[PDB]
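Understanding the architecture of this molecule
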Amino acid sequence: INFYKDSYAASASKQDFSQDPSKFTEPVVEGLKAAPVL
Amino acid sequence: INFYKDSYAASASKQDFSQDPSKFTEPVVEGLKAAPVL
Amino acid sequence: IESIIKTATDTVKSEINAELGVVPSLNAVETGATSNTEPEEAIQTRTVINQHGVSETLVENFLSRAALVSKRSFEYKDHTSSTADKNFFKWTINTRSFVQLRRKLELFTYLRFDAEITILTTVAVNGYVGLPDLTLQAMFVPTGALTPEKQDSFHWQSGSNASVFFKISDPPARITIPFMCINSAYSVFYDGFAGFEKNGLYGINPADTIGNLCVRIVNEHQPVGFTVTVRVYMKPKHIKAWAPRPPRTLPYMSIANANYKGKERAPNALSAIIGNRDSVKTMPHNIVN
Amino acid sequence: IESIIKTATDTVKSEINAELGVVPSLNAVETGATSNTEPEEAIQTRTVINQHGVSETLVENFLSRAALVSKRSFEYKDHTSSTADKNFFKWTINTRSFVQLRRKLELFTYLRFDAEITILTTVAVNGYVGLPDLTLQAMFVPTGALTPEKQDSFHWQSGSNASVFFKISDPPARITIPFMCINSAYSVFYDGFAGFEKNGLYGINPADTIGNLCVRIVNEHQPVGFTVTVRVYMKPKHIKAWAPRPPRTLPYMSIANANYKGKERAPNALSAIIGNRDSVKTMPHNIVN
Amino acid sequence: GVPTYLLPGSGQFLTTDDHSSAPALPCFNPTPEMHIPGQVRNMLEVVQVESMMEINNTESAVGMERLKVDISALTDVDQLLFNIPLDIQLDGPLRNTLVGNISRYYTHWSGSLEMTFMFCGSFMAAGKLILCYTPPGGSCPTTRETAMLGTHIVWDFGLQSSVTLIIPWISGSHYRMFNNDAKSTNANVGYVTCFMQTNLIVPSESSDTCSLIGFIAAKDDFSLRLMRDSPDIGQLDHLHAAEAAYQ
Amino acid sequence: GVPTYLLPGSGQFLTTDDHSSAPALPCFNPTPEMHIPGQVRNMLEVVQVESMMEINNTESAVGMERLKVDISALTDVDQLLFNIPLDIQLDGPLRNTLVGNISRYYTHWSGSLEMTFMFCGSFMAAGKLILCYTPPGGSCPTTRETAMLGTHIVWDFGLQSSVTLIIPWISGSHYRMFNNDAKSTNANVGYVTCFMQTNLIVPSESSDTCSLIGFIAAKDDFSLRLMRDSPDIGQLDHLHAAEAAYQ
Amino acid sequence: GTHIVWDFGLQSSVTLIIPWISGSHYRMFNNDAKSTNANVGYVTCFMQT
Amino acid sequence: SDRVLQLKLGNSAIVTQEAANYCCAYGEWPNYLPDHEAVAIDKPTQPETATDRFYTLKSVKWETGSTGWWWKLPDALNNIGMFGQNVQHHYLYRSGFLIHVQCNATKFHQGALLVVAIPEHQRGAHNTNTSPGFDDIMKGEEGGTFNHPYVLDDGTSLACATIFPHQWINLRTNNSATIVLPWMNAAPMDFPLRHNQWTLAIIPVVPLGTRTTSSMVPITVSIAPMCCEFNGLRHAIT
Amino acid sequence: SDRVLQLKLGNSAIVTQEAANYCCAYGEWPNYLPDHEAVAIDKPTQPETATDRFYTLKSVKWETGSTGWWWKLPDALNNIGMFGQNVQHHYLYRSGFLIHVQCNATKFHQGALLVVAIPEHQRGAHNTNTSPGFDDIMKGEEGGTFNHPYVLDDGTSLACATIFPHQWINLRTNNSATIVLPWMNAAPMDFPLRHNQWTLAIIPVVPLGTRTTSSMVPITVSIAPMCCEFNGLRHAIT
């Protein structure tokens, strides 16, 4: 329920389930063969 | 009426009329011929 | 066999039976089965189209009742020289303290439910000026986590804890706590010990404790003192129940265990649950005309 | 690779491995990558269909909590001969004063969010007659703009400023402030100086300050004095968060900087964050039976 | 906005209310349901299980002795052995049963009952009993020639150790009431009596006294109505360690 | 108008509520979103990053010295080098980790962990270690012949400087709890121990003492539950210059 | 070990199977009874009730 | 044709010719833990015939003033055979149980025994505020004795204990009771040394009686674990 | 084949034969400012090879009691070459950075260096309420030294600094660390002389050790700005 004219007035948006943990866990460009990395 | 984002917030669920009293009244596997059981 | 039952079963008419080999009134209790003798097989019956509903004995209806679970009276005053709940209390949430709800839940071994919590607050002037419309904070703190130790403590800033602010004037505060056990059901009874050593508590799985309810008055103390009583009501909902149990017969002693003593005499004594009659041939409320 | 994750990952069964050339438990930490060793590759596993949700650790859920950001107590009385908040206060809005919200926001370098502001107001009689239902004005004044200097000042006419009038009796006042940074995100930390000279503040980009909250009591003073406490709660929403950070470990000192001292001893001391045990071979809570 | 008006009832807290309410833990994921044996979805499943009557609710009967009825060889014919009041609401042999305890959470009840009696004498013990249900209106029958004008079963002790006396739903009204007045026409169910039909006849080497255990269950035509606090539990004080929940 | 009634809950301020509310700045146009590197949308992305354990949490260990474990050549076989408590909730080597700090904002947790150990001796240093995870129930193993009955990895120091000991989610319940009772059956994870498998064997010209750095991360099977205030931060006073926000 | 619990009843008899339980294909009838290629083990009867 | 029964598990077998149609608790049968209910990710050990076999406990003497006997599961079995060894070497276990209770007497004896499997039989103590300790609850193979079987040592009632999975040994009718128990727990697996899912209770509702020359009448409990799984291998606790 | 690496930018090139698979910060690569994100309307100057090239800083000596070193970007480069000249003559700049850190030693040496790029490393001061001043923060080409590297000079923790883009120089394993940084700012461009987007931190987590005869072991930082843009041309600030 949101009867306001400004969109930022809406309730919280808790449906963004997209994740990309590899920008934190694997920030190399050689994707490591799961085999030695070195 | 339920305008909440979490499903456990709903009102009580009073429509489950399924019963299986034989798991309490007849917990044998030989269904007893209604004839002597023994 | 599982089926949908909305009304009590009908009766079919039956006639005279005189058949060798067929004794439907005889049974064998030793098998553990309840007798399957129908009234049609025991007496000569009529046809009855039974329209009696069964919905009030649904487990959801039987347990979705708001029941009192906590009642704390505390003084609302200046507490510089008291020894006692100094404008706030902590309550380790349990279902064991009020015996009407406790006995109903202890009809079952396992319960899965959400808990609708309702908080009624009342105020009395200490022994008149009027009743103040105080603001209260009920903060849900998980079991064993850090609870506030002062009315004015910075723990009440509640950065991640759920807190509900509510008046005395307004309709009681109400929130729903989800089913939060680490298991798929609460253990109503627990035949075990909570720790890996042997000093731990018997009967208490802490996996089944909701949390701590930390309730303060937000207001600074008034010049006069008040006594504030907070009542907490729990209503289970979306209930699943497993493995029914013999009802509690003797009076409860502790919230920590199933310990028993019984009353001094019947009824609900240790040696005699049902009150006595003079003999097995004595009809206690016999109609005499 | 970006994907939609609603539940924690399943486990596949695995068997015996004895292969030359393949060492999935060996890694190279030096590359900066976290180990990619799966449990299937380290031990012999079963098949687990994991149904555990991940939604409570969504950044929106983790930060859309109403947290206390401001708590001002001021006297409501005749102020002809006081030196102090004379029936009103100004508050330069910040997220730095209450450490539960501050540490959560400081898990991130950049935050973009709207701010739902909730204003709780409570009154106490000075050290009884009853609590008055006073009307308050909370006026949003931008950063550095002209704030009122009197309770009765003509600045409160609020010709373009957003003002909210609200009672003590009514449900707290609530408005939403939009994401109002001149940048696409707030800088939670700012490795820089706000001015073009060198006397300016380190760490404080004023682009990330919401504004001034100017709160008065609208009522003329009563013949007796009251102490009024105003609590402000902020809940971020529609949150985007970038570049996570090591959590704050030492106690905060100032709202103006990241300055640190640490506690006197472990835990959370400068030389020792984790509390000590006797040796690296000492198991601190060892089960002994 | 919407023009609205509040009505009688606004802001009341009804303990039986049924509403959605504010979830305190947003995005909480409850633990996934696991199959557990023995789910109960209607309490009438519990009342259909037979459970022991305390027929020997007498002084000089201690503990488990109250759950069995001793039967002895007699030297007079047609004798009364025991009777059983059918008053669930006041204290009798039916109260601490599965059907008794659950029903006392309700005020109104309907439907047939069944009494099952297991003879627990020796293999060598023989006998016949007559188990009589008398619909209400008169005094409880004390002679065998009066009692079996009513509903009855003649039981032969044999390989089958048990019989069932059905107590058929025999009532002018759709429901009976669990009120305290046991002699009420909307309450009283009548009587169950057991007489010797022949005699308990045993060996010199069998025990000359044998035991019956009585069970009661509801049938699946049984219904309960008007939920109420059970008079089987109460407290006048706080329980022990209830204060430690605040400390 | 519309007949309405207010319910329990009306006018309460729940800090976890989720509602639209009145925009204070009508027609405000927020600044357009710019791509910023490193967006985080679920905090479980943060716990999967490995971070340093403080295994050497001892007196006489100062600052960064606490983040490494010194390993020396021994003259007895099969020796214990260090153990690591797996208690996140109380204070141990896991608390000030990425997985540790974020998890302490929650009460319940599930899923596998991984410990990564980087050997930081010289190129010329050789050795083998055994890294053992013991499921809970008993005392922490102190001899090598007891510990490797559990889950373990034998690590050879080589070109790859690191191994991973997976701590598999080994639990009767779906979740464990971050309660203060570390010996609880719903809390205790068991133990991680490191033994010499062979020996640290080095040059006369290499350092005779070498260092391990231990890391921990969660795997992507990890989940957290029941959000709570973190016990890692607190104030008893106002912070400095907090009053100047009112002046 | 391998066992049968016998109730005395209408059937007056039970059978305890001694299953061929041996590392080798055959056992030997040699005089050394304690030999690993000879010894079959033991049959014992206890009261159950 | 339901009086005679043979139960074959592993190398163990039991015959009776006076059974009375065995109880399957709540109409369930023991199964292994399926993948959609599992939690522990390690591959479990399923010893099958090494552990899923009848173990006979110490018999107890049925006498005139006996109050009853109880055994807690898996506690009664945690030191017996390869079951006990798997229990000691693993953090987690899961099993069902096949319980067979034996008591014969003459055709001139009388007596009724309530043989009931009680899930989560949390015991109360009598006439004190102090909870039962470890030694009160954990009796091992010997089991315990009812203090007040009329209230099942927990302030409830014997008379309503037929709500639980049960059979009767009525000495006139049968000489054995058989109860098949599924896994009965809130969690899919459990630590065997600190929790007891089931309590076998055997209660004299009608006491032993005869006017023959007396014999010792013992009651014998044979218990087969069923579908044993074990997770979390380590050293033995002992 | 990820141990050897050549980096060619402009007239500059760097070879190493003991790399360990370079870090691209948050999986990003430096780019020029696109039209749909731009703010400043003047046509920017993009000097490319004149500025996007490796600049080597002054090497620092790694010793036994070293606490660590930090350099702030673009501050360390704001007086160097044509980058420094473009910075001085323009109000606005934007760039990424390619950081290469070099430290070799013998096969008998040990030591671990945490080489981490910290975005918005707002420094705290120790044991005072006074914020760090201009001279504390803005060290230029020389950079600074960690006071308390265990808390990263900001009351957080070294132990959790691996959340930032980082590599390690473990002297047994590799002799070089490479980190590619994108533009990391709330604004698309920024004034270079008053704000530092990135802080390169190099921290001795395992100290230098050998029992060989000692050598000076220096640590050398080469930094290439990447995709340099400059807006708002005027006279030089100097």
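Criteria and cut-off values
- As drawn, each chain counts its residues from 1 in written sequence order, possibly unlike the entry's numbers, and residues without coordinates are not displayed.
- Labels follow written order: the first chain is A, the first ligand is 1, and so on.
- Here we see only some chains of a larger assembly; the values are for those chains and no others.
- Excluding hydrogens and water, the side-chain figures rest on all heavy atoms present in the structure.
- Helix and strand labels come from DSSP, where a helix needs a run of H or I of at least four residues and a strand needs a run of E of at least two; each type is numbered from the N terminus.
- Exposure categories follow from relative accessible area, calculated using a 1.4 Å probe and restricted to protein chains: below 20% of the type maximum is buried, above 50% is exposed, and the middle band is partly exposed.
- In the analysis that follows, any N or O atom pair within 3.5 Å is treated as a polar contact, provided that within protein one partner can donate a hydrogen and the other can accept it, and provided that, for residues neighboring in sequence, both atoms belong to side chains.
- A contact between two residues is defined here by any heavy atoms of the two lying within 4.5 Å.
- By convention, the term buried area covers the 1.4 Å-probe accessible surface removed from two parts as they join, with the contributions of both added.
- For this scheme, ten residues count as nonpolar: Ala, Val, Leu, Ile, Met, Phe, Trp, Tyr, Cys and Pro. Four count as charged, namely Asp, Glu, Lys and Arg, and the remainder, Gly too, count as polar.
- Strand pairing requires that DSSP identify at least two bridges connecting the strands.
- Axis definition: a line fitted to C-alpha atoms, limited for helices to the stretch in contact. Angles are taken between N-to-C directions and run from 0 to 180 degrees.
- What makes a salt bridge here is a side-chain nitrogen of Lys or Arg within 4 Å of a carboxyl oxygen of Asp or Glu, nothing more.
- Think of a nonpolar core as a cluster: buried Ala, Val, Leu, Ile, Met, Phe, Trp, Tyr and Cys residues, connected wherever their side-chain atoms sit within 4.5 Å.
- A 1.4 Å probe that fits but cannot get out identifies a cavity on a 1 Å grid over protein atoms alone, an open set with protein on both sides within 12 Å along at least five of seven lines counts as a pocket, and a residue lines either if it has an atom within 4 Å of a point.
- Grid points are joined across faces, edges and corners, and a volume is the space filled by probe spheres set on the points.

The PDB entry annotates chain E as viral protein 3 of Enterovirus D68.

Going by the PDB entry, chain C carries the name viral protein 1 and comes from Enterovirus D68.

Examined against the element boundaries, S97 of chain C turns out to sit in the loop between β4 (88-92) and α3 (99-105). Take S97 of chain C: its relative accessible area is 7%, and that puts it in the buried class. Within the structure, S97 of chain C has its side chain in polar contact with the side chain of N94 of chain C (distance 3.0 Å). Ignoring any residue separated from it by four or fewer positions in sequence, one finds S97 of chain C in contact with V69 and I255 of chain C together with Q235, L239 and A242 of chain E.

This part is about the interface of chain C and chain E. On the chain E side, the residues contacting the 102 residues of chain C number 111 residues. Together chain C and chain E conceal approximately 9000 Å² of surface at their shared face, both sides included; 56% is due to carbon and sulfur atoms. Broken down residue by residue, the surface that chain C buries against chain E is led by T57, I274 and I287 of chain C, which jointly contribute 8%. Along the contact surface separating chain C from chain E lie 61 residue pairs in polar contact. No other element matches the eight residues that strand β11 (residues 226-244) of chain C contributes to the side of chain C that touches chain E. The residue inventory of the side of chain C that touches chain E, partitioned by class, reads 48 nonpolar, 32 polar and 22 charged. As paired strands, β11 of chain C and strand β3 (residues 39-40) of chain E are joined by two bridges and run antiparallel to one another. For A241 of chain C, the partnering residue across the bridge sits in β3 of chain E and is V40 of chain E.

Now for the arrangement of the chains. Considering only C-alpha positions, the minimal separation of the non-contacting chain A and chain C is 16 Å. The two partners chain G and chain I share no contact, and the minimum distance between any of their C-alpha atoms is 54 Å.

Residue and element names in this part refer to chain E. Read across the sheet, four strands follow the order β6-β13-β9-β10 without closing on themselves; strand pairing throughout is antiparallel. The strands lining the two open edges of the sheet, one partner per strand, are β6 (80-85) and β10 (151-156). Neighbour-to-neighbour, the strand axes of the sheet open up by a mean angle of 15 degrees, direction not taken into account. Judged from the six bridges that link them, strand β9 (residues 128-134) and β10 form a sheet pairing that is antiparallel. Paired with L129 across the strands is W155, a residue of β10.

So, about the interface of chain H and chain E. Facing 38 residues of chain H, the contacting portion of chain E comprises 45 residues. Buried area between chain H and chain E, both sides added, is near 3500 Å², and the carbon and sulfur share of it is 63%. The tally of links between chain H and chain E comes to one salt bridge. The salt bridge partner of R211 of chain H is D208 of chain E, with a shortest N-O separation of 3.8 Å.

Here the focus is helix α1 (residues 81-89) of chain I. The complete set of buried residues in α1 of chain I reads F83, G84, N86, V87 and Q88 of chain I. Buried positions along α1 of chain I lie against β4 (55-56), β7 (90-102) and β13 (217-233) of chain I.

Counting 404 residues, the largest nonpolar core has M115 of chain E together with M115 of chain F as its most contacted members. In this structure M115 of chain F touches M53, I84, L86, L94, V163, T164, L165, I167, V192, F215 and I216 of chain F, once residues within four positions along its chain are discounted. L9, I14, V180 and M226 of chain H belong to the second-largest nonpolar core, a separate cluster that totals 10 residues.

Another point: the layout of surface pockets. Here the largest pocket defines a volume of roughly 2000 Å³. Lining the largest pocket are 46 residues; nearest its centre among them are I1 of chain A, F3 and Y4 of chain B together with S10 and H19 of chain F. Secondary-structure elements contributing two or more residues to the lining of the largest pocket are β2 (22-23) of chain E together with β1 (2-4) and β2 (13-14) of chain F. Top element by residues in the lining of the largest pocket is β1 of chain F. It accounts for three residues.

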